[PDB]
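Novice: Below you'll find the structure I mean.
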Amino acid sequence: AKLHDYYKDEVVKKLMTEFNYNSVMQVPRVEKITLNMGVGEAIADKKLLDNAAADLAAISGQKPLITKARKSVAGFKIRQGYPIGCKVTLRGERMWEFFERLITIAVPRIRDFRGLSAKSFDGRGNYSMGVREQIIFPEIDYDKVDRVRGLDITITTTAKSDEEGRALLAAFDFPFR
Amino acid sequence: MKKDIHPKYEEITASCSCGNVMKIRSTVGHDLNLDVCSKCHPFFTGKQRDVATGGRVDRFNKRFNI
Amino acid sequence: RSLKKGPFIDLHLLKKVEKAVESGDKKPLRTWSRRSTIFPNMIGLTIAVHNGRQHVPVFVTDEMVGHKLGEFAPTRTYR
Amino acid sequence: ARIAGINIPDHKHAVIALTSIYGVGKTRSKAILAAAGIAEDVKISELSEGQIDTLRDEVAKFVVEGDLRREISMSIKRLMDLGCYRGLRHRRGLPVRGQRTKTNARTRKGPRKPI
RNA sequence: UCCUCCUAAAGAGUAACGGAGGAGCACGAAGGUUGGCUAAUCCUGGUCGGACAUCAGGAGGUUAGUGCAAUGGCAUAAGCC
RNA sequence: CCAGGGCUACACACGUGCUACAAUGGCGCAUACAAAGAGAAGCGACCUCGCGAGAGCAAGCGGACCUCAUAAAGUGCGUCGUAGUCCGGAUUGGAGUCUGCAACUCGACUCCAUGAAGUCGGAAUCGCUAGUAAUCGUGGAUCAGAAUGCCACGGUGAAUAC
RNA sequence: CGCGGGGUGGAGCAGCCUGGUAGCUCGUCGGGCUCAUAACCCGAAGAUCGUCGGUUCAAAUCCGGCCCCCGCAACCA
Ligand SMILES: [Mg+2]
Ligand SMILES: [Mg+2]
Ligand SMILES: [Mg+2]
Ligand SMILES: [Mg+2]
Ligand SMILES: [Mg+2]
Ligand SMILES: [Mg+2]
Ligand SMILES: [Mg+2]
Ligand SMILES: [Mg+2]
Ligand SMILES: [Mg+2]
Ligand SMILES: [Mg+2]
Ligand SMILES: [Mg+2]
Ligand SMILES: [Mg+2]
Ligand SMILES: [Mg+2]
Ligand SMILES: [Mg+2]
Ligand SMILES: [Mg+2]
Ligand SMILES: [Mg+2]
Ligand SMILES: [Mg+2]
Ligand SMILES: [Mg+2]
Ligand SMILES: [Mg+2]
Ligand SMILES: [Mg+2]
Ligand SMILES: [Mg+2]
Ligand SMILES: [Mg+2]
Ligand SMILES: [Mg+2]
Ligand SMILES: [Mg+2]
Ligand SMILES: [Mg+2]
Ligand SMILES: [Mg+2]
Ligand SMILES: [Mg+2]
Ligand SMILES: [Mg+2]
Ligand SMILES: [Mg+2]
Ligand SMILES: [Mg+2]
Ligand SMILES: [Mg+2]
Ligand SMILES: [Mg+2]
Ligand SMILES: [Mg+2]
Ligand SMILES: [Mg+2]
Ligand SMILES: [Mg+2]
Ligand SMILES: [Mg+2]
Ligand SMILES: [Mg+2]
Ligand SMILES: [Mg+2]
Ligand SMILES: [Mg+2]
Ligand SMILES: [Mg+2]
Ligand SMILES: [Mg+2]
Ligand SMILES: [Mg+2]
Ligand SMILES: [Mg+2]
Ligand SMILES: [Mg+2]
Ligand SMILES: [Mg+2]
Ligand SMILES: [Mg+2]
Ligand SMILES: [Mg+2]
Ligand SMILES: [Mg+2]
Ligand SMILES: [Mg+2]
Ligand SMILES: [Mg+2]
Ligand SMILES: [Mg+2]
Ligand SMILES: [Mg+2]
Ligand SMILES: [Mg+2]
Ligand SMILES: [Mg+2]
Ligand SMILES: [Mg+2]
Ligand SMILES: [Mg+2]
Ligand SMILES: [Mg+2]
Ligand SMILES: [Mg+2]
Ligand SMILES: [Mg+2]
Ligand SMILES: [Mg+2]
Ligand SMILES: [Mg+2]
Ligand SMILES: [Mg+2]
Ligand SMILES: [Mg+2]
């Protein structure tokens with residue numbers, strides 16, 4: 001909520017002076033944060049997915065989608081339409097609420113932290129983080145989980161390049177290397 | 001959002017040991033207690049203290065001193 | 001490691017370094033003193049340490065100081 | 001029970017609670033609790049939350065966890081780059097402190113192999 | 001015995017112990033209809049996770065798919081929900 | 001005769017040890033009891049510094065007197081509550097100490113952090129008939145330095161032998 | 001040339017004509033027992049399945065060629 005109001009007032013005005021944008025809409029805005037959790041090991045144990053679903057449902061506000069396998073492959077021993085991973089495509093109000101909660105308190109709680117990767121862009125301003133543990137978020141109780149599982153955060157923007165997209169995230173006091 | 005299916009997304013107060021009080025909204029419960037935040041974490045000083053560790057010649061000179 | 005009362009180098013090597021350093025960079029120094037330590041003044045020299053049957057050239061760098069010369073010369077060959 | 005990088009023990013004495021921290025042992029933990037002004041017989045389950053904050057600043061003085069692991073990794077990786085006797089010993093996977101390598105050395109060398 | 005292509009000479013038909021492949025079913029949803037949807041395969045970033053499981057964006061655009069061989073056909077989608 | 005290097009190599013195999021795998025115990029303060037030695041370019045108090053190896057100044061003794069020398073098990077109060085653990089203490093990094101012209105190949109010990117295998121061992125198989133086995137110290141010889149070996153010493157102290 | 005059948009640790013056989021993780025018996029290797037060798041006892045490794053290709057999500061197993069091996073036919077004048 002607050003970071004959205006901060007973005008509208010403080011950030012845009014900062015970003016306009018950098019690349020001398022003609023219009024206010026030209027500034028890159030954060031479209032959606034997609035929290036993904038390819039549990040994978042759900043082939044053997046079916047409940048292990050439903051455990052991950054509860055952990056994503058705890059981490060994010062909303063309940064996750066159970067993504068099916070797109071195509072059958074023998075390397076992992078999976079078939080067409082088999083539930084292999086969990087996902088959340090959170091956007092809008094709860095997105096800005098989660099984005100605060102990620103960068104302000106969770107990212108600090110990473111074990112052996114130093115500085116997040118600057119090179120990690122797709123060549124179109126869309127960022128992604130790979131958190132190893134679930135414990136870094138304060139939602140999960142310590143004596144509840146019993147697996148070293150994690151998720152990946154995926155920040156989608158309206159930017160046309162990583163050089164342009166880095167500034168947007170950098171304006172939120174985001175930690176880079 | 002679809003009502004019923006989601007968990008209870010309630011407002012809560014984060015209060016770290018540093019002093020930075022901060023209200024947020026999440027599926028935790030009543031209250032929070034934190035160790036570090038975006039402020040007060042050693043990354044701005046961490047990189048300064050980490051990178052400047054090496055130095056072998058002075059370590060020899062500290063023993064001999066002549 | 002041993003010795004607080006001054007890091008140890010053989011007289012003949014200390015002289016040979018001091019004579020080589022003041023003159024300039026020339027060639028590898030034929031030295032049998034492995035036992036001796038490495039000083040800061042030795043940096044730049046490509047001194048040749050006796051491995052057992054032959055001399056092994058060692059270009060002395062910023063890090064090669066606290067360590068002795070015999071460490072940069074494997075005696076027993078394996079495979 | 002959340003100081004330093006990890007430290008989350010429960011039903012354990014405060015001295016031995018801090019042994020689980022990487023970079024702190026039996027003797028160092030007595031020095032932490034002596035400086036903080038905390039009894040060693042108590043546990044973190046029975047102790048106050050404001051009194052845990054005193055332990056956080058005390059362990060910050062010493063080098064611990066991710067600071068220490070890399071300081072060890074740096075010193076080991078340094079030796080290998082120099083190409084010294086210990087540096088060869090490290091990357092080869094054989095014992096360093098002039099130990100016997102013929103009969104034993106199984107800890108460093110790893111378990112038994114065929115011929 | 002039945003289906004598909006060529007042989008078959010620009011309608012149909014057309015033989016040979018000529019050339020290549022399939023069928024003796026399947027399904028109460030894989031039918032109906034309504035209302036939606038768009039693929040392959042790569043590129044780059046990202047926890048375990050690696051070429052490839054799941055995610056994001058970009059590239060290509062039907063190389064895809066069509067319960068089953070081949071032929072002809074399908075975005076108005078006959079494709080997938 | 002001399003400088004270094006080697007006897008300390010290491011895909012492996014075995015011998016003989018030691019330390020383990022714990023709760024009949026491990027960690028903590030705190031208490032009582034030995035014997036046999038040894039010392040003269042030796043053994044070296046008490047002091048003062050040392051986190052500790054040790055460092056200076058030096059007391060006495062060729063010794064029933066002086067010193068290395070607080071024996072440890074064992075008790076008595078805690079605290080841990082069966083974990084790869086406050087078990088094990090390997091291995092690595094750093095910082096050191098003495099000896100010695102010199103400690104990297106290739107020493108010993110100390111401190112700090114580190115915390116490997118191992119949860120009583122396959123076929124087999126060894127020693128032991130009472131102060132014996134078992135377990136905890138201690139000393140000496142060679143020895144500048146370098147024992148888990150060797151040679152001695154004494155603690156608590158069994159079962160079983162139809 | 002025609003129609004069956006094969007080709008799997010070093011050896012001989014299962015698993016192969018019903019597609020998903022390769023056994024058995026000897027032999028080799030390590031350790032025991034023995035004065036030593038054998039026998040005996042206890043552990044251990046060792047085959048991507050003739051080869052080259054298809055289909056398949058995946059082939060020792062389905063289908064096609066080629067390469068060997070083995071059986072049966074190769075007749076009436
Ligand atoms: Mg040692
Ligand atoms: Mg040795
Ligand atoms: Mg040794
Ligand atoms: Mg073994
Ligand atoms: Mg007919
Ligand atoms: Mg025609
Ligand atoms: Mg015609
Ligand atoms: Mg026609
Ligand atoms: Mg006709
Ligand atoms: Mg047919
Ligand atoms: Mg249909
Ligand atoms: Mg329709
Ligand atoms: Mg097609
Ligand atoms: Mg078709
Ligand atoms: Mg129709
Ligand atoms: Mg239909
Ligand atoms: Mg000699
Ligand atoms: Mg020998
Ligand atoms: Mg032998
Ligand atoms: Mg033998
Ligand atoms: Mg053995
Ligand atoms: Mg026991
Ligand atoms: Mg212990
Ligand atoms: Mg006594
Ligand atoms: Mg006597
Ligand atoms: Mg003396
Ligand atoms: Mg003596
Ligand atoms: Mg003294
Ligand atoms: Mg002495
Ligand atoms: Mg005394
Ligand atoms: Mg006295
Ligand atoms: Mg003192
Ligand atoms: Mg002091
Ligand atoms: Mg007197
Ligand atoms: Mg008297
Ligand atoms: Mg003593
Ligand atoms: Mg006395
Ligand atoms: Mg005393
Ligand atoms: Mg007790
Ligand atoms: Mg146990
Ligand atoms: Mg462990
Ligand atoms: Mg432990
Ligand atoms: Mg310990
Ligand atoms: Mg050791
Ligand atoms: Mg002395
Ligand atoms: Mg002495
Ligand atoms: Mg000690
Ligand atoms: Mg184990
Ligand atoms: Mg027993
Ligand atoms: Mg025992
Ligand atoms: Mg035997
Ligand atoms: Mg007898
Ligand atoms: Mg003992
Ligand atoms: Mg002894
Ligand atoms: Mg002696
Ligand atoms: Mg001694
Ligand atoms: Mg014929
Ligand atoms: Mg044999
Ligand atoms: Mg074995
Ligand atoms: Mg086997
Ligand atoms: Mg096997
Ligand atoms: Mg197979
Ligand atoms: Mg006839």
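Residue numbering restarts at 1 in every chain; chains get A, B, ... in the order shown in the structure tokens, and ligands count up from 1 in that same order.
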Compute the set of protein, DNA and RNA residues whose minimum atom distance to ligand 7 is at most 9 Å, using only C-alpha atoms (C1' of nucleotides) and all ligand atoms, and state it as a PyMOL selection string.
Specialist: chain E and resi 8-11
Novice: Print the selection's residues with N, CA, C and O atoms (P, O5', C5', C4', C3', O3' and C1' of nucleotides) to a file, as a PDB file, in the first residue's frame.
Specialist:
ATOM      1  P     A E   8       0.810 -44.803 -64.178  1.00  0.00           P
ATOM      2  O5'   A E   8      -0.388 -43.915 -63.621  1.00  0.00           O
ATOM      3  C5'   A E   8      -1.048 -42.960 -64.466  1.00  0.00           C
ATOM      4  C4'   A E   8      -2.414 -42.642 -63.915  1.00  0.00           C
ATOM      5  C3'   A E   8      -2.427 -41.909 -62.573  1.00  0.00           C
ATOM      6  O3'   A E   8      -3.435 -40.898 -62.577  1.00  0.00           O
ATOM      7  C1'   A E   8      -3.610 -43.947 -62.381  1.00  0.00           C
ATOM      8  P     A E   9      -3.096 -39.409 -63.080  1.00  0.00           P
ATOM      9  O5'   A E   9      -2.595 -39.622 -64.579  1.00  0.00           O
ATOM     10  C5'   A E   9      -1.528 -38.822 -65.134  1.00  0.00           C
ATOM     11  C4'   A E   9      -1.500 -38.915 -66.647  1.00  0.00           C
ATOM     12  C3'   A E   9      -2.834 -38.735 -67.366  1.00  0.00           C
ATOM     13  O3'   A E   9      -2.983 -37.357 -67.692  1.00  0.00           O
ATOM     14  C1'   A E   9      -1.670 -40.652 -68.211  1.00  0.00           C
ATOM     15  P     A E  10      -4.431 -36.712 -67.923  1.00  0.00           P
ATOM     16  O5'   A E  10      -4.546 -35.681 -66.716  1.00  0.00           O
ATOM     17  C5'   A E  10      -4.393 -36.119 -65.357  1.00  0.00           C
ATOM     18  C4'   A E  10      -4.907 -35.066 -64.408  1.00  0.00           C
ATOM     19  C3'   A E  10      -6.321 -34.568 -64.672  1.00  0.00           C
ATOM     20  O3'   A E  10      -7.314 -35.480 -64.212  1.00  0.00           O
ATOM     21  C1'   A E  10      -4.913 -32.725 -64.233  1.00  0.00           C
ATOM     22  P     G E  11      -8.589 -35.822 -65.125  1.00  0.00           P
ATOM     23  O5'   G E  11      -9.768 -35.924 -64.061  1.00  0.00           O
ATOM     24  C5'   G E  11     -10.013 -34.859 -63.120  1.00  0.00           C
ATOM     25  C4'   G E  11     -11.408 -34.959 -62.546  1.00  0.00           C
ATOM     26  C3'   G E  11     -11.850 -36.351 -62.112  1.00  0.00           C
ATOM     27  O3'   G E  11     -11.496 -36.570 -60.748  1.00  0.00           O
ATOM     28  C1'   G E  11     -13.436 -35.467 -63.624  1.00  0.00           C
TER      29        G E  11
END
Novice: Determine which residues of chain B receive a DSSP assignment of alpha helix (DSSP H), computed from the backbone, and state them as a compact mmCIF listing (two decimals) with N, CA and C atoms, in the first residue's frame.
Specialist:
# COMPACT_ATOMS: atom_id res chain seq x y z
N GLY B 46 29.20 -4.12 5.46
CA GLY B 46 29.61 -5.51 5.21
C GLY B 46 30.59 -5.68 4.06
N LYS B 47 30.26 -5.06 2.93
CA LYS B 47 31.13 -5.07 1.74
C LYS B 47 32.45 -4.32 1.97
N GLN B 48 32.41 -3.26 2.78
CA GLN B 48 33.62 -2.51 3.15
C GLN B 48 34.53 -3.34 4.06
N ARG B 49 33.96 -4.00 5.07
CA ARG B 49 34.74 -4.86 5.97
C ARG B 49 35.19 -6.18 5.31
N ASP B 50 34.39 -6.72 4.39
CA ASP B 50 34.71 -7.98 3.71
C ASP B 50 35.86 -7.87 2.71
N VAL B 51 35.77 -6.89 1.81
CA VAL B 51 36.72 -6.75 0.70
C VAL B 51 38.14 -6.41 1.19
N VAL B 57 52.14 -8.83 3.40
CA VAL B 57 53.45 -8.22 3.65
C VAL B 57 53.49 -7.48 5.00
N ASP B 58 52.44 -6.73 5.30
CA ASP B 58 52.32 -6.03 6.59
C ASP B 58 52.26 -6.98 7.80
N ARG B 59 51.59 -8.13 7.61
CA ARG B 59 51.52 -9.18 8.63
C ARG B 59 52.90 -9.71 9.01
N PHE B 60 53.78 -9.83 8.01
CA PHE B 60 55.19 -10.19 8.25
C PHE B 60 55.93 -9.08 8.99
N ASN B 61 55.72 -7.83 8.56
CA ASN B 61 56.35 -6.67 9.20
C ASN B 61 55.90 -6.45 10.65
N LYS B 62 54.66 -6.82 10.97
CA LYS B 62 54.16 -6.77 12.35
C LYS B 62 54.87 -7.73 13.32
N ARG B 63 55.39 -8.84 12.81
CA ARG B 63 56.15 -9.81 13.61
C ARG B 63 57.60 -9.35 13.82
N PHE B 64 58.27 -9.02 12.72
CA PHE B 64 59.70 -8.67 12.72
C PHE B 64 59.94 -7.24 13.21
Novice: Give me, as a VMD selection string, the contact residues of chain C against chain F at a cut-off of 8 Å, counting only C-alpha atoms (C1' of nucleotides).
Specialist: chain C and resid 1 to 2 32 to 35 50 to 53 67 to 71 74 to 76
Novice: If the limit is 8 Å from any atom of ligand 48, counting only C-alpha atoms (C1' of nucleotides) and all ligand atoms, which residues qualify? Return them as an MDAnalysis selection string.
Specialist: chainID F and resid 84 117:118
Novice: What would the file look like if the residues just selected were written as a PDB file, in the first residue's frame with N, CA and C atoms (P, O5', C5', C4', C3', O3' and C1' of nucleotides)?
Specialist:
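And here is the file that came out, result_26.pdb:
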ATOM      1  P     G F  84      20.003 -38.477  15.855  1.00  0.00           P
ATOM      2  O5'   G F  84      21.551 -38.541  15.488  1.00  0.00           O
ATOM      3  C5'   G F  84      22.278 -37.357  15.093  1.00  0.00           C
ATOM      4  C4'   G F  84      23.425 -37.113  16.043  1.00  0.00           C
ATOM      5  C3'   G F  84      24.585 -36.292  15.485  1.00  0.00           C
ATOM      6  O3'   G F  84      25.227 -35.529  16.505  1.00  0.00           O
ATOM      7  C1'   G F  84      25.352 -38.442  16.059  1.00  0.00           C
ATOM      8  P     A F 117      30.514 -38.265   9.292  1.00  0.00           P
ATOM      9  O5'   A F 117      31.101 -39.738   9.430  1.00  0.00           O
ATOM     10  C5'   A F 117      31.597 -40.450   8.279  1.00  0.00           C
ATOM     11  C4'   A F 117      32.559 -41.527   8.713  1.00  0.00           C
ATOM     12  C3'   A F 117      31.973 -42.588   9.636  1.00  0.00           C
ATOM     13  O3'   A F 117      31.276 -43.615   8.937  1.00  0.00           O
ATOM     14  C1'   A F 117      34.063 -41.843  10.487  1.00  0.00           C
ATOM     15  P     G F 118      29.879 -44.172   9.500  1.00  0.00           P
ATOM     16  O5'   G F 118      30.233 -44.614  10.988  1.00  0.00           O
ATOM     17  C5'   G F 118      30.978 -45.817  11.249  1.00  0.00           C
ATOM     18  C4'   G F 118      31.456 -45.849  12.683  1.00  0.00           C
ATOM     19  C3'   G F 118      30.377 -45.987  13.749  1.00  0.00           C
ATOM     20  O3'   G F 118      30.169 -47.367  14.037  1.00  0.00           O
ATOM     21  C1'   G F 118      31.876 -44.217  14.312  1.00  0.00           C
TER      22        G F 118
END
Novice: List the neighbours of residue 41 (chain B) out to 10 Å using only C-alpha atoms (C1' of nucleotides); skip same-chain residues closer than 3 positions along the sequence, and give me the result as an MDAnalysis selection string.
Specialist: (chainID A and resid 108:109 113:114) or (chainID B and resid 18 35:38 44:46)
Novice: Based on the selection just made, write N, CA, C and O atoms of those residues as a PDB file, in the first residue's frame.
Specialist:
ATOM      1  N   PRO A 108      16.606  -9.386   4.079  1.00  0.00           N
ATOM      2  CA  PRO A 108      17.575  -9.352   5.188  1.00  0.00           C
ATOM      3  C   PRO A 108      17.789 -10.683   5.924  1.00  0.00           C
ATOM      4  O   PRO A 108      18.928 -11.017   6.257  1.00  0.00           O
ATOM      5  N   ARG A 109      16.709 -11.429   6.165  1.00  0.00           N
ATOM      6  CA  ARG A 109      16.781 -12.720   6.878  1.00  0.00           C
ATOM      7  C   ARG A 109      17.408 -13.889   6.096  1.00  0.00           C
ATOM      8  O   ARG A 109      17.526 -14.988   6.643  1.00  0.00           O
ATOM      9  N   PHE A 113      23.925 -13.844   3.590  1.00  0.00           N
ATOM     10  CA  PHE A 113      23.573 -12.755   2.674  1.00  0.00           C
ATOM     11  C   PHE A 113      24.763 -11.823   2.460  1.00  0.00           C
ATOM     12  O   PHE A 113      25.607 -11.666   3.347  1.00  0.00           O
ATOM     13  N   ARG A 114      24.820 -11.217   1.274  1.00  0.00           N
ATOM     14  CA  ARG A 114      25.814 -10.187   0.957  1.00  0.00           C
ATOM     15  C   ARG A 114      25.202  -9.085   0.088  1.00  0.00           C
ATOM     16  O   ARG A 114      25.095  -7.934   0.519  1.00  0.00           O
TER      17      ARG A 114
ATOM     18  N   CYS B  18      16.201  -3.242  16.610  1.00  0.00           N
ATOM     19  CA  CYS B  18      16.825  -1.954  16.279  1.00  0.00           C
ATOM     20  C   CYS B  18      16.018  -0.755  16.790  1.00  0.00           C
ATOM     21  O   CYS B  18      16.593   0.202  17.315  1.00  0.00           O
ATOM     22  N   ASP B  35      14.907  -9.712  13.727  1.00  0.00           N
ATOM     23  CA  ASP B  35      16.331  -9.553  14.037  1.00  0.00           C
ATOM     24  C   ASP B  35      16.915  -8.364  13.281  1.00  0.00           C
ATOM     25  O   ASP B  35      17.558  -7.496  13.876  1.00  0.00           O
ATOM     26  N   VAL B  36      16.686  -8.344  11.966  1.00  0.00           N
ATOM     27  CA  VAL B  36      17.197  -7.300  11.069  1.00  0.00           C
ATOM     28  C   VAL B  36      16.119  -6.836  10.082  1.00  0.00           C
ATOM     29  O   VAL B  36      15.069  -7.469   9.949  1.00  0.00           O
ATOM     30  N   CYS B  37      16.402  -5.725   9.406  1.00  0.00           N
ATOM     31  CA  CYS B  37      15.505  -5.126   8.405  1.00  0.00           C
ATOM     32  C   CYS B  37      16.323  -4.621   7.205  1.00  0.00           C
ATOM     33  O   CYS B  37      17.528  -4.871   7.134  1.00  0.00           O
ATOM     34  N   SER B  38      15.672  -3.949   6.253  1.00  0.00           N
ATOM     35  CA  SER B  38      16.378  -3.286   5.141  1.00  0.00           C
ATOM     36  C   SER B  38      17.340  -2.214   5.656  1.00  0.00           C
ATOM     37  O   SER B  38      18.440  -2.056   5.127  1.00  0.00           O
ATOM     38  N   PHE B  44      25.974  -2.257   3.474  1.00  0.00           N
ATOM     39  CA  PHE B  44      26.749  -1.032   3.182  1.00  0.00           C
ATOM     40  C   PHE B  44      28.121  -1.002   3.882  1.00  0.00           C
ATOM     41  O   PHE B  44      29.093  -0.508   3.304  1.00  0.00           O
ATOM     42  N   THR B  45      28.193  -1.526   5.107  1.00  0.00           N
ATOM     43  CA  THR B  45      29.466  -1.712   5.831  1.00  0.00           C
ATOM     44  C   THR B  45      30.069  -3.111   5.615  1.00  0.00           C
ATOM     45  O   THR B  45      31.298  -3.260   5.596  1.00  0.00           O
ATOM     46  N   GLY B  46      29.204  -4.118   5.463  1.00  0.00           N
ATOM     47  CA  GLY B  46      29.611  -5.508   5.209  1.00  0.00           C
ATOM     48  C   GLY B  46      30.588  -5.680   4.060  1.00  0.00           C
ATOM     49  O   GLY B  46      31.615  -6.351   4.202  1.00  0.00           O
TER      50      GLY B  46
END
Novice: Excluding residue 37 (chain A) and residues on its chain fewer than 3 positions from it, collect all residues at most 12 Å away from it, counting only C-alpha atoms (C1' of nucleotides), and give them as a PyMOL selection string.
Specialist: (chain A and resi 34+40-42+48-57+59-60+64-67+83-89+130-134+149-154) or (chain E and resi 46-49+53-55)
Novice: Using only C-alpha atoms (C1' of nucleotides) and all ligand atoms, which residues of the polymer chains come no farther than 8 Å from ligand 42? I'd like the answer as an MDAnalysis selection string.
Specialist: chainID F and resid 84:88 115
Novice: Create the file for the chosen residues now, containing C-alpha atoms (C1' of nucleotides) and written as a PDB file, in the first residue's frame.
Specialist:
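Dumped everything to out.pdb:
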ATOM      1  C1'   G F  84      25.352 -38.442  16.059  1.00  0.00           C
ATOM      2  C1'   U F  85      24.235 -35.547  21.148  1.00  0.00           C
ATOM      3  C1'   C F  86      27.556 -30.914  26.298  1.00  0.00           C
ATOM      4  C1'   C F  87      29.141 -38.443  22.821  1.00  0.00           C
ATOM      5  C1'   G F  88      33.588 -38.876  19.706  1.00  0.00           C
ATOM      6  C1'   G F 115      33.682 -30.908  14.323  1.00  0.00           C
TER       7        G F 115
END
Novice: Taking only C-alpha atoms into account, find every residue of chain B that has an atom no more than 10 Å from chain A, and write it out as number ranges by chain.
Specialist: B: 1-2, 5-10, 14, 16, 22, 24-29, 32-44, 46-47, 50
Novice: If the limit is 8 Å from any atom of ligand 24, counting only C-alpha atoms (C1' of nucleotides) and all ligand atoms, which residues qualify? Return them as a ChimeraX atom specification.
Specialist: /F:33-34,71
Novice: Keeping only N, CA, C and O atoms (P, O5', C5', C4', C3', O3' and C1' of nucleotides), write those residues as a PDB file, in the first residue's frame.
Specialist:
ATOM      1  P     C F  33      44.909 -37.148  52.794  1.00  0.00           P
ATOM      2  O5'   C F  33      44.814 -38.656  52.298  1.00  0.00           O
ATOM      3  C5'   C F  33      45.963 -39.318  51.753  1.00  0.00           C
ATOM      4  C4'   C F  33      45.629 -40.749  51.412  1.00  0.00           C
ATOM      5  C3'   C F  33      46.720 -41.494  50.663  1.00  0.00           C
ATOM      6  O3'   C F  33      47.684 -42.034  51.559  1.00  0.00           O
ATOM      7  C1'   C F  33      44.670 -41.774  49.527  1.00  0.00           C
ATOM      8  P     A F  34      49.223 -41.632  51.411  1.00  0.00           P
ATOM      9  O5'   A F  34      49.516 -41.932  49.873  1.00  0.00           O
ATOM     10  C5'   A F  34      50.769 -42.481  49.422  1.00  0.00           C
ATOM     11  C4'   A F  34      50.525 -43.767  48.671  1.00  0.00           C
ATOM     12  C3'   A F  34      51.759 -44.414  48.051  1.00  0.00           C
ATOM     13  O3'   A F  34      52.436 -45.236  49.001  1.00  0.00           O
ATOM     14  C1'   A F  34      50.056 -44.257  46.424  1.00  0.00           C
ATOM     15  P     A F  71      49.795 -35.690  44.998  1.00  0.00           P
ATOM     16  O5'   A F  71      48.648 -36.733  44.625  1.00  0.00           O
ATOM     17  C5'   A F  71      47.590 -36.446  43.684  1.00  0.00           C
ATOM     18  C4'   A F  71      48.010 -36.767  42.264  1.00  0.00           C
ATOM     19  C3'   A F  71      46.903 -37.330  41.371  1.00  0.00           C
ATOM     20  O3'   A F  71      46.317 -36.277  40.606  1.00  0.00           O
ATOM     21  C1'   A F  71      48.735 -38.836  41.418  1.00  0.00           C
TER      22        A F  71
END
Novice: As a ChimeraX atom specification, please: every protein or nucleic acid residue near ligand 28 (cut-off 12 Å, counting only C-alpha atoms (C1' of nucleotides) and all ligand atoms).
Specialist: /F:43-47,54-58,67-68,98
Novice: Write out the residues from the selection above, keeping C-alpha atoms (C1' of nucleotides), as a PDB file, in the first residue's frame.
Specialist:
ATOM      1  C1'   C F  43      66.538 -31.450  37.768  1.00  0.00           C
ATOM      2  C1'   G F  44      65.039 -26.244  38.745  1.00  0.00           C
ATOM      3  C1'   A F  45      61.063 -24.110  43.860  1.00  0.00           C
ATOM      4  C1'   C F  46      58.576 -19.831  45.378  1.00  0.00           C
ATOM      5  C1'   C F  47      57.872 -15.267  43.262  1.00  0.00           C
ATOM      6  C1'   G F  54      56.207 -20.902  28.099  1.00  0.00           C
ATOM      7  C1'   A F  55      59.122 -16.322  29.571  1.00  0.00           C
ATOM      8  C1'   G F  56      62.519 -13.794  32.567  1.00  0.00           C
ATOM      9  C1'   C F  57      65.253 -13.426  37.747  1.00  0.00           C
ATOM     10  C1'   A F  58      67.017 -17.218  40.642  1.00  0.00           C
ATOM     11  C1'   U F  67      63.341 -30.600  42.920  1.00  0.00           C
ATOM     12  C1'   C F  68      60.289 -32.954  38.175  1.00  0.00           C
ATOM     13  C1'   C F  98      60.391 -24.334  23.523  1.00  0.00           C
TER      14        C F  98
END
Novice: Taking the chain letters and numbering used in this document, name the residues of region 10-64 of chain A that DSSP puts in strand (DSSP E), as a PyMOL selection string.
Specialist: chain A and resi 30-37
Novice: Compile the residues of chain D that lie within 8 Å of chain C, evaluated using only C-alpha atoms, and express the compilation as an MDAnalysis selection string.
Specialist: chainID D and resid 82:86
Novice: Give the residue list for ligand 36 at 12 Å, counting only C-alpha atoms (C1' of nucleotides) and all ligand atoms, as a list in words, sorted by chain and then by residue number.
Specialist: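 Residues lying within 12 Å of ligand 36: residues 68, 69, 70, 71, 72, 137, 138 and 139 of chain F.
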Novice: Could you list, as number ranges by chain, all residues that come within 8 Å of ligand 11? Count only C-alpha atoms (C1' of nucleotides) and all ligand atoms.
Specialist: E: 30, 66-67
Novice: Do you know which residues are at most 6 Å from region 56-65 of chain G counting only C-alpha atoms (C1' of nucleotides), after dropping those on the same chain fewer than 5 positions away, and could you put them as a VMD selection string?
Specialist: (chain A and resid 72 to 74) or (chain G and resid 16 49)
Novice: Leaving out residue 70 (chain G) and any residue of its chain fewer than 3 positions from it, which residues lie within 12 Å of it when counting only C-alpha atoms (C1' of nucleotides), given as a VMD selection string?
Specialist: chain G and resid 4 to 7
